[PDB]
Each structure stands twice: as structure tokens, then as C-alpha cells.
**Q** 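Have a look at the structure that comes next, please.
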Amino acid sequence: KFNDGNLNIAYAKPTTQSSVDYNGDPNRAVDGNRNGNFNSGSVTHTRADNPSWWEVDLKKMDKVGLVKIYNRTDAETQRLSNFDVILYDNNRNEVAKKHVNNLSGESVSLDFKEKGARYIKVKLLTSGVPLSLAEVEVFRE
Ligand SMILES: CC(=O)N[C@H]1[C@@H](O[C@H]2[C@@H](O)[C@@H](CO)O[C@@H](O[C@H]3[C@H](O)[C@@H](O)[C@H](O)O[C@@H]3CO)[C@@H]2O[C@@H]2O[C@@H](C)[C@@H](O)[C@@H](O)[C@@H]2O)O[C@H](CO)[C@H](O)[C@@H]1O
Ligand SMILES: [Ca+2]
């Protein structure tokens with residue numbers, strides 16, 4: 001459960017996603033493994049939904065600082081583009097949202113500046129595109 005010395009509170013928490021394809025179950029983004037090669041088994045994959053999304057449930061509200069999202073790396077890297085990262089409280093009210101146009105390397109790091117949330121959702125805004133995430137790490141700082 002550790003990354004840059006900080007506790008990743010998303011590790012091993014319940015996850016869900018819009019659908020599953022190629023056995024790319026949602027729990028692959030919280031298994032502690034950042035390997036972005038889909039074929040090695042640590043990357044999620046939805047079907048081509050309207051739109052595709054993935055979510056982690058921390059089970060209780062917690063403070064969210066950095067969110068670090070590791071992309072698929074073996075192929076189709078541009079799929080993780082034009083997406084929202086969205087925080088929701090215990091009643092699924094939206095508490096914060098950042099939009100990411102694209103990634104320049106293998107990850108993007110967002111800072112939600114200590115906002116209280118239970119759910120972190122990653123949502124593609126382009127429908128008909130599968131969502132694959134190698135890992136989603138969530139920190140209190
Ligand atoms: C350039 C690059 O690295 N990838 C191309 C390429 O991707 C497909 C090929 O690598 C192909 C070789 O047989 O395998 C495809 O995945 C298959 C899985 O290997 C197989 O287990 C599963 O049952 O079926 C899929 C689909 O045929 C590669 O497709 C990519 O990865 C899969 C997991 C999925 O995300 C798919 O949408 C991807 O395209 O060729 C495709 C042609 O459409 C693209 O040009 C990739 O960028
Ligand atoms: Ca993983």
C-alpha cells in the first residue's frame with residue numbers, strides 16, 4: 001500500500017466500472033501494481049460504453065490530496081484523454097472535478113488539496129472508447 005512514502009488509501013478498496021472486457025476487472029487499478037502492460041494482468045478494461053468510467057469507493061469519507069493515475073502503456077495510450085476525475089461524498093454529491101485533456105508521459109498527477117470524499121471516479125467524455133487504467137493511487141496529502 002505505499003508510494004513515495006505516502007499511504008495509498010485506494011489500495012485494495014472496492015472498485016466498479018462501466019463494464020468489463022478482456023477480463024480487465026476494476027480491481028486491477030488498485031492492486032498495488034503500476035505495470036501498464038495490459039497483457040501482464042494489472043490493467044483494467046471496459047467495453048466501449050456511453051461513456052466508459054471507473055470508480056473507487058474508499059468505504060468512508062477521507063481527505064483527498066494527490067490522485068495519481070497510471071495509464072496503459074503497451075498500446076492505445078491515447079484512450080486516456082478528454083476525461084474527468086471526480087470526487088463524490090457519502091451521498092454521491094459531486095465535491096470536486098478536474099478535467100484532463102491528455103497525458104504527456106505514463107501518468108498524471110492531480111492535487112485535490114485536502115477535499116473530503118468517499119468516491120473517486122475517472123470518466124471518459126468521449127463515448128465508444130474503452131477505459132483502461134494501470135493503477136489509480138489516492139493520498140491524503
Ligand atoms: C500498436 C500496438 O501496440 N497495438 C495495436 C494493435 O493491437 C492489437 C494487436 O496487438 C493484436 C495482435 O494479435 O492483439 C490485440 O489484442 C487482442 C488480445 O491480444 C486478445 O487476447 C483478445 O482476445 O483480443 C484482443 C483484440 O483483438 C491488440 O488490440 C489492442 O489491445 C486489446 C487488449 C484491446 O485494448 C484492443 O482494443 C486494442 O486495439 O492493433 C490494434 C488494431 O485495432 C491497434 O492498432 C493497436 O494500437
Ligand atoms: Ca494495477
Side-chain angles (χ1 to χ4, degrees), residues 1-90 92-140:
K1 60 191 165 122
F2 296 110
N3 300 294
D4 311 75
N6 299 148
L7 174 67
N8 169 17
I9 67 178
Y11 170 75
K13 297 284 197 314
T15 55
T16 55
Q17 59 186 32
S18 55
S19 64
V20 186
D21 212 355
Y22 307 111
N23 301 322
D25 296 313
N27 76 159
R28 291 181 193 197
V30 298
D31 61 3
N33 185 0
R34 302 164 170 186
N35 185 165
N37 189 343
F38 179 78
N39 299 292
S40 314
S42 120
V43 183
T44 66
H45 208 294
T46 73
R47 312 180 185 191
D49 294 325
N50 184 17
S52 295
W53 54 262
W54 170 98
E55 193 175 59
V56 60
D57 175 0
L58 306 175
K59 304 181 77 180
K60 313 176 158 68
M61 298 268 286
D62 211 334
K63 230 168 233 190
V64 182
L66 296 199
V67 178
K68 291 212 196 205
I69 296 172
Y70 295 78
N71 206 356
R72 188 175 169 181
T73 58
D74 64 294
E76 303 279 14
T77 65
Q78 84 295 326
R79 286 181 171 164
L80 193 57
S81 61
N82 185 27
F83 68 100
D84 283 351
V85 182
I86 309 173
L87 272 50
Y88 300 95
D89 73 3
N90 205 72
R92 276 184 190 281
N93 300 306
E94 185 181 302
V95 310
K97 165 168 109 207
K98 296 171 175 287
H99 183 81
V100 176
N101 296 19
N102 44 215
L103 274 63
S104 37
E106 299 185 330
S107 67
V108 58
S109 278
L110 310 161
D111 179 12
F112 284 92
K113 307 230 180 175
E114 291 175 45
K115 196 96 38 137
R118 175 161 171 178
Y119 306 98
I120 299 101
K121 177 174 187 166
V122 173
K123 179 174 55 172
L124 299 188
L125 304 191
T126 300
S127 295
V129 178
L131 177 61
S132 298
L133 298 161
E135 196 76 3
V136 177
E137 300 176 350
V138 175
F139 308 93
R140 311 219 251 228

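Each residue takes its place number in the sequence, starting with 1. Both ligands and their constituent atoms are indexed starting at 1 by order of listing.
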**Q** Any protein heavy atom lying closer than 4.0 Å to atom 44 (C) of ligand 1?
**A** yes
**Q** Before you tell me yes or no, could you show the steps for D21 and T46 under side-chain contact (heavy atoms from CB on, under 4.5 Å), namely the whole-Å CA-CA distance, both residues' side-chain angles and the distance that decides it to 0.1 Å?
**A** CA-CA 5 Å; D21 212 355; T46 73; over 6 Å; no
**Q** Within 45° of the ring axis of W53 and under 6.0 Å from its six-membered ring centre, is that where the NZ or CZ of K123 lies?
**A** no
**Q** Mind listing the closest non-hydrogen atom pair of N82 and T126 along with its distance?
**A** ND2-OG1, 3.1 Å
**Q** Is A134 close enough that one of its N/O/S atoms sits under 3.0 Å from the Ca ion (ligand 2)?
**A** yes
**Q** Does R72 form a side-chain contact (heavy atoms from CB on, under 4.5 Å) with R79? I'd like the steps, not just the answer.
**A** CA-CA 9 Å; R72 188 175 169 181; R79 286 181 171 164; 4.1 Å; yes
**Q** When you measure from atom 19 (O) of ligand 1 to every protein heavy atom, which one gives the shortest distance, and what is it?
**A** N39 OD1, 4.4 Å
**Q** Looking at every non-hydrogen atom in both residues, tell me the closest pair between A134 and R34 and how far apart they are.
**A** CB-O, 3.8 Å
**Q** Check whether the side chains of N35 and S42 place a donor and an acceptor atom closer than 3.5 Å, and report yes or no.
**A** no
**Q** I'd like to check atom 1 (C) of ligand 1 in this structure: does the protein have a heavy atom lying under 4.0 Å from it?
**A** no
**Q** Protein heavy atom under 4.0 angstrom of atom 16 (O) of ligand 1, is there one?
**A** no
**Q** Applying side-chain contact (heavy atoms from CB on, under 4.5 Å), run through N6 and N3 and close with a yes or a no.
**A** CA-CA 5 Å; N6 299 148; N3 300 294; 5.9 Å; no
**Q** If I compare all heavy atoms of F38 with all of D74, which pair ends up nearest, and what's the gap?
**A** N-OD1, 2.8 Å
**Q** Show me which atoms of ligand 1 lie under 4.0 Å from any heavy atom of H45.
**A** 34 (C), 35 (O)
**Q** Which heavy atom of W54 sits nearest a heavy atom of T15, and at what distance?
**A** CZ2-CG2, 3.7 Å
**Q** Examine ligand 1 and decide if any of its atoms is less than 4.0 Å from a heavy atom belonging to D21.
**A** no
**Q** Answer yes or no for atom 31 (O) of ligand 1: protein heavy atom present at a distance under 4.0 Å?
**A** yes
**Q** Report the name of the N/O/S atom of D31 located nearest to the Ca ion (ligand 2).
**A** OD1
**Q** Does CD belonging to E106 count more than 12 external heavy atoms closer than 6.0 Å?
**A** no
**Q** Where is the nearest protein heavy atom to atom 39 (O) of ligand 1: which residue, which atom, and how far?
**A** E76 OE2, 2.8 Å
**Q** Just checking: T44, one of its N/O/S atoms, less than 3.0 Å away from the Ca ion (ligand 2), yes or no?
**A** no
**Q** Look at the N, O or S atoms of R28, main chain and side chain alike, and state whether any lies under 3.0 Å from the Ca ion (ligand 2).
**A** yes
**Q** Nearest protein heavy atom to atom 4 (N) of ligand 1, by residue and atom, and its distance?
**A** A75 CB, 3.8 Å
**Q** Nearest protein heavy atom to atom 22 (C) of ligand 1, by residue and atom, and its distance?
**A** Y22 CE2, 3.4 Å
**Q** With the Ca ion (ligand 2) as the reference point, give the N/O/S atom of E135 that is nearest.
**A** OE1
**Q** With respect to the Ca ion (ligand 2), please indicate if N35 possesses an N, O or S atom at a distance under 3.0 Å.
**A** no
**Q** Could any protein non-hydrogen atom be found less than 4.0 Å from atom 34 (C) of ligand 1?
**A** yes
**Q** Within the 4.0 Å heavy-atom shell around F38, which atoms of ligand 1 are there?
**A** 33 (C)
**Q** Determine whether any protein heavy atom is located less than 4.0 Å from atom 10 (O) of ligand 1.
**A** no
**Q** Is a donor from one side chain sitting under 3.5 angstrom from an acceptor on the other, for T77 and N71?
**A** no
**Q** Short check: is a protein heavy atom less than 4.0 Å from atom 37 (O) of ligand 1?
**A** yes
**Q** Distance under 4.0 Å to a non-hydrogen atom of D74: what atoms of ligand 1 satisfy this?
**A** 3 (O)
**Q** Is there a protein heavy atom at a distance of less than 4.0 Å from atom 25 (C) of ligand 1?
**A** yes
**Q** At under 4.0 Å between heavy atoms, which part of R79 makes contact with ligand 1: side chain, backbone, both or neither?
**A** side chain
**Q** Are the ring centres of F83 and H99 closer than 6.0 Å?
**A** no
**Q** Both conditions, 6.0 Å and 45 degrees, for the charged tip of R92 above the ring of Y119: are they met here?
**A** yes
**Q** Does one side chain, of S81 or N102, offer a donor that lies under 3.5 Å from an acceptor on the other?
**A** no
